[PDB]
């Protein structure tokens, strides 16, 4: 499967683009205006530049990768792609609209995949007449590094789709895991509450920020502390996910801390805004 369409050119969409193009695939990134399309590819390039500098690739490796890539704002550009990964915007109404368009545009065998963290593959599937070829294919930031992809079956998802996406994953050297659609899949369901837990510990006067992070690095060999990890992932992302977990399950187990919610309202979202649980 040579040809892969990716909707969305932000941190995640672009990373995913780099991931496919770097293992042979041709990729078209699509967004709402050229400003964004361009900015992302820009960032891909910067990414490969840093890889050449670190002797992880050759200038030609790179120069080639970039040629397998092109931008656009027309969905219509997806008519010959074999895979679609939507990594646009975590809103159900729009995703339904988007998948209904691609149902129309794309060659009937084209599998349609979502990079959603929270929303229902099934419900998106339902907006098309190919529910059986609608799947979630969920990468992790930074997408060219992290080897995992959750392959999430919605209720109608076929075996054959599942297998194709599994093989496609193996072929860009990711490791796929089967998930039956359910709130937060596997990673987010564990990882974010962990971070939310910490915010409660913080809020409850139990321990200061640096002690909490140190406690998990050095007490549990974690690669980083949940607070810094959150500043990395983005507290808004984190709050959103806790909210979906809460809303999807009706289980108060997943309630966000008032603290987390206050930081996100402050706009202290972490790294990307120079400030969250820590300062930068």
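Numbering follows the first chain given and starts at 1.
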item	value
150-158 versus 193-201 - greater average Cα B-factor per the deposited record	150-158
Higher-B stretch (mean Cα B-factor, as the entry records it), 24-32 or 229-237	24-32
Per the PDB entry, maximal CA B factor within 121, 182, 75, 207	75
Maximum C-alpha temperature factor, selected from 186, 168, 127, 135	168
Where the record places residue 257 (Cα B-factor, split into thirds across the chain)	lowest
Residue 212 - which third its CA temperature factor falls in, relative to the rest of the chain	lowest
B-factor third for the C-alpha atom of residue 264 within its chain	lowest
Residue 219 CA temperature factor, ranked by third within the chain	lowest
Third assignment of residue 247 from its chain's C-alpha B-factors	lowest
